[PDB]
Structure formats: structure tokens, C-alpha cells
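Chains as they are written, first to last, in the working numbering: chain A, 146 to 248; chain B, 146 to 248. C-beta: ideal position from N, C-alpha, C; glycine also. Please read the structure below before turning to the comments.
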Ligand SMILES: [Mg+2]
Ligand SMILES: [Mg+2]
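Written as C-alpha cells, this is what we have:
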């Protein structure tokens, strides 16, 4: 359905340990928030030098645009987002419905 | 394996028709380039106002980091990239190996 993509840069002084702690917390929102169905992440390993300072990507899966909105309004999201966003330099969010060249 | 993510903003004066033409061309690289295995895209429909001016996302799937490198070096990529990049304002690329909280 709808993929919720967040790209991030962790601020100076955020440890690798705090990053893995934060990522486990973000992923836990699957469990805490009904509409969020799955969570995957990655550290950038590109070679093109086009990452624009972002180092990580987080993708969460939803069944609809309305489900993403419910997630954003959910008090567990609002609480955790303060924690997570507090450790970021850069953030970028895009939501899309995966489309392909299909018949 | 490795997901190759490109975020884009189309420059002023690129028509919706030229965009769909360009997207069909990018997607065709699946066919032209062995290492590229699948292609999906989306227009941003986020509500958070965090998209940083990017409007589209393109995700291509590869089997390895080496396969992405082969794609970048492939002459069909080099030719088409001039065309596609010529119509962009903003571009951002990240490659990642999808990771999850798993046992
Ligand atoms: Mg859930
Ligand atoms: Mg191919």
C-alpha cells in the first residue's frame, strides 16, 4: 500500500550505540501502533556521492494514506518522535504508493 | 538485496507528459541492464511538509553492491542518465541493504 520513507542524519555526538537503540525504538512502533504493519532500515552504502548528507533510510509500510495519518496522530508516535528527532541533524519524509510499469 | 533509491524534483517546465515518458525510460533499464532486477516509483503524497522539495521516489532492486556498481558503469545507464538528469532540479541517491529487527 503506502510506504512511509524517512531519511535521516544523526547529529554530532550521537553514538553508534544510541543509533541502534533509536532504531529499535522506531521499529517497536510496529508493535505499539496498529496501522504500521512493517519496518525496515538501512545505512547508506552508495558510491555516487549523491546522498546529500543523509546516512540512514527507514521505511514503514501502511495500508492507506489514512493509516499514515492515524499513525502521525497516534500518541505513541508523538511521544517517540520527540526522542528520535532530538537526535537528528537532517530529516526528510516522503510517502508513496508503489507504482510500476505493469499491465 | 540492495535497494537503490533515487529521489527527484523535476525542473520548471518539465511537463507531466515528459515525466511519464522519463519514468518509462528509467523503468526500461530493467530490460536493458542485467543487474537491475525490478523498478518501482511513486509521487510523494506525504502530509508532514518534510519532503525537502523532492516530489518523486524511484527504487530499483539489485542483488549486490557490486551489481549496483556494474549498473552505474553500464553504457545504457550512462546514456540514459544524461537524459533523465537533464530534467531534474534536485536529485538524491541512497543505496541500502534492507535490515529489520529479526531473529
Ligand atoms: Mg502495527
Ligand atoms: Mg535487468
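For residue 243(B) against residue 185(A), the beta-carbon gap comes to about 4 Å, under 8 Å, which counts as contact. Shortest gap from the CB of residue 151(A) to any heavy atom of ligand 2: 8 Å or more.
Closer than 9 Å to the CB of residue 184(A) there is at least one CB belonging to chain B. Around the beta carbon of residue 204(B), a 10 Å sphere encloses 16 or more other beta carbons of the protein chains shown; the residue is thus reported as buried. Cβ neighbours of residue 230(A) within its own chain (closer than 8 Å, five residues either side excluded): 236. At a Cβ-Cβ threshold of 9 Å, residue 149(B) and residue 213(B) count as neighbours.
Beyond the five residues adjoining it in sequence on each side, residue 219(B) comes within less than 7 Å, by CB distance, of 178 in the same chain, given in chain order. About 32 Å separates the CB atoms of residue 159(B) and residue 210(B); that is not less than 8 Å, and the two are not in contact. Residue 152(B) counts as buried, since no fewer than 16 other beta carbons sit within 10 angstroms of its beta carbon. Taking a Cβ-Cβ threshold of 9 Å, none of the residues of chain B is close to residue 234(A); the smallest such distance is about 13 Å. The residues 181, 182, 183, 184, 205, in chain order, have a CB closer than 8 Å to that of residue 175(B) in the same chain once the five nearest residues on each side in sequence are set aside. A residue is called buried when at least 16 other Cβ atoms come within 10 angstroms of its Cβ; residue 238(B) meets this threshold and is buried. Judged by the Cβ position, residue 179(A) qualifies as a neighbour of ligand 1 at the 8 Å threshold, a heavy atom of the ligand being closer than this. Residue 178(A) has a beta carbon lying at 9 Å or more from every beta carbon in chain B.
Put simply, of 193(A), 192(A), 188(A), 173(A) the residue whose alpha carbon is nearest the alpha carbon of residue 200(A) is 188(A). The beta carbon of residue 240(A) is closer than 6 Å to those of 147, 149, 213 in its chain, skipping five residues each way along the sequence.
With a threshold of 9 Å between beta carbons, residue 206(A) makes no contact with chain B.
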